[PDB]
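Participant: Quick one: structure below, then a few questions.
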Number of protein chains: 4
Amino acid sequence: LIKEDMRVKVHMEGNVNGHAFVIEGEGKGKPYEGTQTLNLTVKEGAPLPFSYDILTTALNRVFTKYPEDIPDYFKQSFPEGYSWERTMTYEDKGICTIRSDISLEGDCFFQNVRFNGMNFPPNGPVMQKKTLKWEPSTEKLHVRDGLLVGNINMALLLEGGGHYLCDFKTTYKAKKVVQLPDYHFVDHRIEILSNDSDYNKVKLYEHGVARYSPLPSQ
Amino acid sequence: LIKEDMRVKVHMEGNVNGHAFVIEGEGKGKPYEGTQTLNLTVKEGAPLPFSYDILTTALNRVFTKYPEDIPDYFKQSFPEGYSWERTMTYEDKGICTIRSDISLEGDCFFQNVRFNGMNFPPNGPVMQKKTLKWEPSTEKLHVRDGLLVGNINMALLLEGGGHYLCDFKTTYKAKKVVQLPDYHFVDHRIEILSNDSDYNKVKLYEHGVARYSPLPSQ
Amino acid sequence: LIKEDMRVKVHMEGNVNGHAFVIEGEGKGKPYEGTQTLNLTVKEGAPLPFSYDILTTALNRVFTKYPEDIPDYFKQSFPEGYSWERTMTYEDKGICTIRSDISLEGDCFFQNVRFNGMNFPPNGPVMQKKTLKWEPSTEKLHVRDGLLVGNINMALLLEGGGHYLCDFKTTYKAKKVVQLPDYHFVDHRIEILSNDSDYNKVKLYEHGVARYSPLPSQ
Amino acid sequence: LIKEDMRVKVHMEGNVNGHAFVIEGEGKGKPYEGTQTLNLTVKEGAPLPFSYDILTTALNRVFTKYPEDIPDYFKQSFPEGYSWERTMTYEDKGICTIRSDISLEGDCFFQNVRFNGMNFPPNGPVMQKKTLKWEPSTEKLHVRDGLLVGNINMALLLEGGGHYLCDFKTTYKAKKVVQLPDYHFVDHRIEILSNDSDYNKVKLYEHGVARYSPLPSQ
């Protein structure tokens, strides 16, 4: 069962372009409002030689405000929970493969993540740390082989203006049989609120809202 | 100048998996409300042996409702007008390349379209006409090298359920200096209203509304 | 019937990055040795404002040396002949879509080609005529849905050294049911032998040989 | 220094579709003939719930027959050794991300491999163990930014005929400055010689020979 208030614990082990790191996060959030706050410490491989932004979207879709007219795959999936696998394909041919396991114990979700980035241009914006933020997005989700699949045309705002684009592919896998939703959208905004200079401590925010098209069928 | 009521003429010369066609349209629209309808006659290639859906997004973003806080790339471009180039990339590895030129004489927008589609599996949804409709969508639009570029995750709803995915990339090119918008989103719904069973005659409708994130910054 | 010696006529209508063109071609070759020569005249849109190398591979696998034990898809297809569709995807996101209809009247093959290119960066290798030649190549051919399909990792050698890569995908389609080959390979070399400085007049040569792996199976 | 006979030790940590595994290889090979064998034992995660064939090509290019006219990038890298990064991108949108380190102690090459596979369809041929073998291949190698890069059009033969395509991209990184080869080819054949039906015990063979085009220039 999910309360209007909930706690989040995150562990991430990763390698990006040969560099190894660990990240731990203590957080809270409001699942039914689609909002969450997360306090992240770089535990190993400080200082990071790449943009913290690439990591943020691997740092739960339980925290999405779902209209009643659209079945909530992620919330239904508990107490057993769900896992997801993501492919982040950037335009400079940098690739990240990410796997998260989402388990519940009491007031606290536990997020267990594996981050693999490689083939990022060394003089490119991720390894040169020129990303300011992710642009807010719209995930498209549908059913493929009894699973939920999300697709997002994503964009990072660069220092000096312009965008660096990433194609976002997630397969969400519930551990119990759940009621499948039809083709819907989720509006996101991912925001780093505070950080230190090495991004050794970061505070992260996420707002997610499930919807149908606002435009009338005919 | 663009009135509240404007007329639309459309010429399409096209080729899908070897088959050559010409489709003529007469239509009308409300540019500032972001809605329009088009009456489509197949002049050559009747009957068509592939889903009409693949042609529909090619059959003018002037018919996009633009809020005052976002500059309108498409309306500013007139009187000289604009052009666009598009790649549609399907999951079965069918592919379309499209080029459109948008002129304005008096109240009428003329659209000249060259449509190419190939490597569509012959037992694939498109050549078997097993596509019911396009899902509603959300195009993300950024400025790259002074031009406006859109990316859309798109899905066709098939018989038996299931969706058939496509990656939309558009490059829009004003034939004039115009004020350039910040990163923004256009929500879309395209639908076929009426058709004979050969789709030789089709009535097409589109609704398009531009916006920033509905979710607020923190 | 295909003789040791045959003639080749070539009509290509095209458009690259907005620039239209027409290229006529009379030529000859030895089908059973997989060698041929072609004399190429630019007839419209001279001089071409882009590298001629993109076009050359679109200017007939009938000129392939086929060992006894691999069926010859192309040669079998005649008299009725065959057609092909090709995708050229360049690493800088230039994209060419090409169709060729291959017919036989007497001892002369007619090749009717439609060539479409778009999204070549204006400062890019293709639009800045900075390519020397195609590296020789190995095509891989497999049967998919009762058609023959080819994939080639191709490279254009650049002025100043280094390579500009391009993923090659051809779908060949005989107009007759022919005996389908097993998975096999075609070794390629294509060469511009002679040209004037605007490439308005080009002499083109290709050598193609089909084989299995030379490596013994354990 | 490499001798006509050398030994191989392999430690692969891996996760495919969430299922983790460890494999230990002991094997031998003949570096200047391009031939090698391996004895593979699944030490964790037996039985593997996916096709073994996807793991086989990550289980040295030191064991490649290199002519004198083509510099040997991999044999020059020792005594210090080389690392490699690979992308395997399947047509069903399955993806593997691999990384290897090659060390030499005495007469034995130590290969340390990390394997990540994900978004493999659950009814797909990988997850349904329906892959008979890798077809023989021809890799194409060029220098990009003072590193050697490999591209292969790879196919798995499918039980019930037909093929399952993969795009291989490998970036090899010598840990010492070496002589850089010109654009060349390496012909490959990988073959599982013997296996228990669960594949917990597997014997592996690979042949690899470097060449130029066998077709004369003009």
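Just remember, in the structure tokens the first chain shown is A, the second B, etc., residues are 1-based per chain, and ligands are 1-based in the order shown.
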For chain C versus chain A, which residues have an atom no more than 12 Å away, and what is each residue's nearest atom pair and distance in Å rounded to one decimal, using only C-alpha atoms, chain-then-number order, as a tab-separated table?
Facilitator:
```
residue	atom	partner	partner_atom	distance
C:91	CA	A:93	CA	9.5
C:92	CA	A:92	CA	9.5
C:93	CA	A:91	CA	9.7
```
Participant: Pull C-alpha atoms from the residues just selected and write them as an mmCIF file, in the first residue's frame.
Facilitator:
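Final file, out10.cif:
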```
data_model
loop_
_atom_site.group_PDB
_atom_site.id
_atom_site.type_symbol
_atom_site.label_atom_id
_atom_site.label_comp_id
_atom_site.auth_asym_id
_atom_site.auth_seq_id
_atom_site.Cartn_x
_atom_site.Cartn_y
_atom_site.Cartn_z
ATOM 1 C CA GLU C 91 27.290 9.167 -40.042
ATOM 2 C CA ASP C 92 26.688 13.002 -40.180
ATOM 3 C CA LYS C 93 22.916 12.213 -40.790
#
```
Participant: If we count only C-alpha atoms and set the cut-off at 6 Å, which residues sit around range 21-23 of chain B, ignoring sequence neighbours fewer than 6 positions away in its own chain? Please answer as a ChimeraX atom specification.
Facilitator: /B:12-14,41-45
Participant: Of the residues A:118, A:147, A:62, A:113, which is the one nearest to residue 98 in chain D, using only C-alpha atoms?
Facilitator: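 When distances to residue 98 in chain D are compared using only C-alpha atoms, the smallest one comes from A:118.
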Participant: Neighbours of residue 48 in chain A within 10 Å (only C-alpha atoms; same-chain residues fewer than 6 positions away dropped), as a PyMOL selection string?
Facilitator: chain A and resi 16+19-21+42+127+129+198-200
Participant: Using only C-alpha atoms, which protein or nucleic acid residues come within 10 Å of residue 67 in chain D? Drop anything in the same chain fewer than 3 positions from it, and give the result as a PyMOL selection string.
Facilitator: chain D and resi 32+64+70-72+209-212
Participant: Among range 40-191 of chain C, which ones does DSSP assign to strand (DSSP E or B) (computed from the backbone)? Answer as number ranges by chain.
Facilitator: C: 40-44, 65, 82-90, 95-105, 108-118, 131-134, 137-144, 147-158, 163-174, 184-191
Participant: Skipping near chain neighbours, those fewer than 3 positions away, what residues fall within 8 Å of residue 213 in chain C using only C-alpha atoms, listed as an MDAnalysis selection string?
Facilitator: (chainID C and resid 184:185 216) or (chainID D and resid 136:137 187 189)
Participant: Can you tell me which residues surround residue 158 in chain C at a distance of at most 10 Å, considering only C-alpha atoms, apart from same-chain residues fewer than 5 positions away, and format the answer as a list in words?
Facilitator: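 The neighbour list is residues 125, 129, 130, 131, 132, 133, 134, 163 and 164 of chain C.
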Participant: Output N, CA and C atoms for every residue in the selection just made, as a PDB file, in the first residue's frame.
Facilitator:
```
ATOM      1  N   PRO C 125      31.431  16.939 -45.715  1.00  0.00           N
ATOM      2  CA  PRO C 125      32.199  16.328 -46.794  1.00  0.00           C
ATOM      3  C   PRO C 125      31.484  16.235 -48.147  1.00  0.00           C
ATOM      4  N   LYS C 129      32.632  18.790 -51.657  1.00  0.00           N
ATOM      5  CA  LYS C 129      33.408  17.867 -52.531  1.00  0.00           C
ATOM      6  C   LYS C 129      34.780  17.570 -51.911  1.00  0.00           C
ATOM      7  N   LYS C 130      34.822  16.806 -50.816  1.00  0.00           N
ATOM      8  CA  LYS C 130      36.057  16.519 -50.037  1.00  0.00           C
ATOM      9  C   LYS C 130      36.295  15.005 -49.957  1.00  0.00           C
ATOM     10  N   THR C 131      35.646  14.229 -50.831  1.00  0.00           N
ATOM     11  CA  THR C 131      35.758  12.743 -50.865  1.00  0.00           C
ATOM     12  C   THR C 131      36.608  12.335 -52.072  1.00  0.00           C
ATOM     13  N   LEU C 132      37.478  11.342 -51.895  1.00  0.00           N
ATOM     14  CA  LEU C 132      38.405  10.865 -52.955  1.00  0.00           C
ATOM     15  C   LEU C 132      37.786   9.652 -53.651  1.00  0.00           C
ATOM     16  N   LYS C 133      37.415   8.647 -52.868  1.00  0.00           N
ATOM     17  CA  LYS C 133      36.866   7.385 -53.417  1.00  0.00           C
ATOM     18  C   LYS C 133      36.170   6.590 -52.318  1.00  0.00           C
ATOM     19  N   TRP C 134      35.350   5.626 -52.739  1.00  0.00           N
ATOM     20  CA  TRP C 134      34.870   4.515 -51.882  1.00  0.00           C
ATOM     21  C   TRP C 134      36.020   3.546 -51.608  1.00  0.00           C
ATOM     22  N   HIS C 163      38.149   8.708 -42.609  1.00  0.00           N
ATOM     23  CA  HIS C 163      37.031   8.070 -43.353  1.00  0.00           C
ATOM     24  C   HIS C 163      35.689   8.681 -42.920  1.00  0.00           C
ATOM     25  N   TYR C 164      34.724   8.728 -43.842  1.00  0.00           N
ATOM     26  CA  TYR C 164      33.337   9.221 -43.627  1.00  0.00           C
ATOM     27  C   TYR C 164      32.401   8.027 -43.871  1.00  0.00           C
TER      28      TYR C 164
END
```
Participant: Can you pull out the residues contacting residue 59 in chain C? Cut-off 9 Å, using only C-alpha atoms, and skip same-chain residues under 2 positions away; I want them as a list in words.
Facilitator: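 Neighbouring residues, sequence-local ones excluded: residues 10, 11, 12, 25, 38, 40, 55, 56, 57, 100, 111, 113 and 204 of chain C.
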Participant: DSSP on the backbone, then: every residue of range 21-201 of chain B marked alpha helix (DSSP H), written as a list in words.
Facilitator: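 The residues of range 21-201 of chain B classed as alpha helix (DSSP H) are residues 53, 54, 55, 56, 73, 74, 75, 76 and 77 of chain B.
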Participant: Save the residues we just selected, C-alpha atoms, as a PDB file, in the first residue's frame?
Facilitator:
```
ATOM      1  CA  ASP B  53      -2.149   6.856 -42.715  1.00  0.00           C
ATOM      2  CA  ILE B  54       1.516   6.999 -43.863  1.00  0.00           C
ATOM      3  CA  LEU B  55       0.525   9.890 -46.237  1.00  0.00           C
ATOM      4  CA  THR B  56      -1.577  11.941 -43.751  1.00  0.00           C
ATOM      5  CA  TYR B  73       7.870  30.443 -36.586  1.00  0.00           C
ATOM      6  CA  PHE B  74       5.209  29.462 -39.167  1.00  0.00           C
ATOM      7  CA  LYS B  75       2.933  32.602 -39.267  1.00  0.00           C
ATOM      8  CA  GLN B  76       5.872  35.134 -39.091  1.00  0.00           C
ATOM      9  CA  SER B  77       7.401  33.371 -42.189  1.00  0.00           C
TER      10      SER B  77
END
```
